[PDB]
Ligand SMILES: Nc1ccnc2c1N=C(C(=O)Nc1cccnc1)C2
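One chain comes next, on its own, written out as structure tokens in the form solved without this ligand.
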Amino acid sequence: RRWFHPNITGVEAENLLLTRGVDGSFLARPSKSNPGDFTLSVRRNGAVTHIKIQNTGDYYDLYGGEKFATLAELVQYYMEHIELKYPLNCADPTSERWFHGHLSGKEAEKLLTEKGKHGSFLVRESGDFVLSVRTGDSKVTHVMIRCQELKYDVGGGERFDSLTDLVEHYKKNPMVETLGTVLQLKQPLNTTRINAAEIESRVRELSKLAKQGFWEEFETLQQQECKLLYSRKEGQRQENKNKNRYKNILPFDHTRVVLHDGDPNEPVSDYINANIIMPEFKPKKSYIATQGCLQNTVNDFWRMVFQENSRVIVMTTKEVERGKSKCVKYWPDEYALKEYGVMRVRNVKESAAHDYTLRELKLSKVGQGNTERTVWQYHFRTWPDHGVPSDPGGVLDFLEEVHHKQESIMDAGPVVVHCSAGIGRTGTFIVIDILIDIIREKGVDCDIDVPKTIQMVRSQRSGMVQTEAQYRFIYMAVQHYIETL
């Protein structure tokens, strides 16, 4: 993911492509003219083209292109399909997990001693740098990194174009001390795990200017999304193409929900754009993250709910937003009964609350009375069209009610969560739910690691949690939950 430059202007991007690139060279960067937006800068016929990528929270929407779950998925699509031929690699180490810019040696030794383990390492500024590694069961070793005539070295041997190239080389070819100690660079020092009780302190520190600390942390998490390019073959099958709301936003094959007992006369009846999400990766405290139904996928949706024994559905979109259909109406009007293929649904009662509507549904298979179960649909109706709510209170009160409903039901299957694409708002609600559940069981004195949790959810469905605004909202929601305990 070296084609992503987090700190360059459009002029710097043009100058980089015109002087260090060739026709077909490209890079992506965050927008400066509209923070929250991105730009794909591409060299074609000796000139540079700047293409806008927008993300208001649901997907990356490339101008003159398609809608994607991650920037890595976007780039992989066009590199395997204006030509994107040559990534122009970024030498900036700001978004590396192990880079701690202006941090002192005293503080760095305190962090490796209190939070490190064998092979924990960090790189900090001295124009020179220091590589600090903990080894043992123990001790801290400091390796001086010289910057001489724009290249990096540890005092001998090879000279690197970037700290990234230097760190990767010494991860592959470890330094050995003359008495035998292997300076193993096993893992970056963990600085994001916090005690839940100290959430306020961390939010305060992250709200300070780095763009704030939140931006730096979120972009270091995005840098790791190239580790998550898992296969999505099933969603690409001709037979499944029109079952996807967005052509290129697909479920990973390894976690997709497989639909069994399909119409024997239907060649492909096992697909739905949905993934099982398991915390720390029981059916009960698991989730199904899915897209908003299409008219042709309503029956598949109900086959999924029935098969998985799901008793709670969380809908985080209106049916229509900004004049566009985000989810078809897959449930009957209040008091009505409808058949969706082999599935029969009665809408028993609707209850309106400030931020949401609850629909008590009875789902059963046609011809089998004894299969009836109640499915509780919580429909969050006040999420803004773009961005996130200004206050997490409403979302928390809603999740608290959803949690208690699910907890009250013996052997309930995973909670189904959906929005439009099923990755932005969906991923945001699931992550908040996972984090608050840890504070429920383990109490205020528990460890929480927001980016670790999100990377874990993102390994089960593409792009869960889309934006820096949602990333900050997750911290704000955890903070508010702890503050009202």
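The first residue of the sequence shown is number 1, and the count goes up from there. Under this definition, the rigid core comprises the largest set of C-alpha atoms superposing within 1.5 Å between the forms.
There is another form of this protein, the form solved in complex with this ligand, and it is not shown here; the text below is about that form.
- Contact annotation: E225 falls within 4.5 Å of this ligand in the entry with it bound, judged by heavy atom distances.
- This ligand in the entry with it bound comes within 4.5 Å of a heavy atom belonging to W3.
- In the entry with it bound, this ligand lies within 4.5 Å of some heavy atom of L71.
- In the entry with it bound, this ligand sits within 4.5 Å of a heavy atom belonging to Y60.
- Note that among 365-373, 216-224, 256-264, 143-151, the stretch whose heavy atoms approach this ligand to within 4.5 Å in the entry with it bound is 216-224.
- This chain is displayed alone, yet in the entry with it bound one of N240, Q377, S95, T135 has a heavy atom within 4.5 Å of this ligand; that residue is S95.
- Of the residues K32, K52, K452, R44, just one CA atom moves 2 angstroms or more between this form and the one not shown under rigid-core superposition; it belongs to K32.
- Figure legend: C-alpha atoms of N45 and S33, shown here, are separated by at least 3 angstroms more in the entry with it bound.
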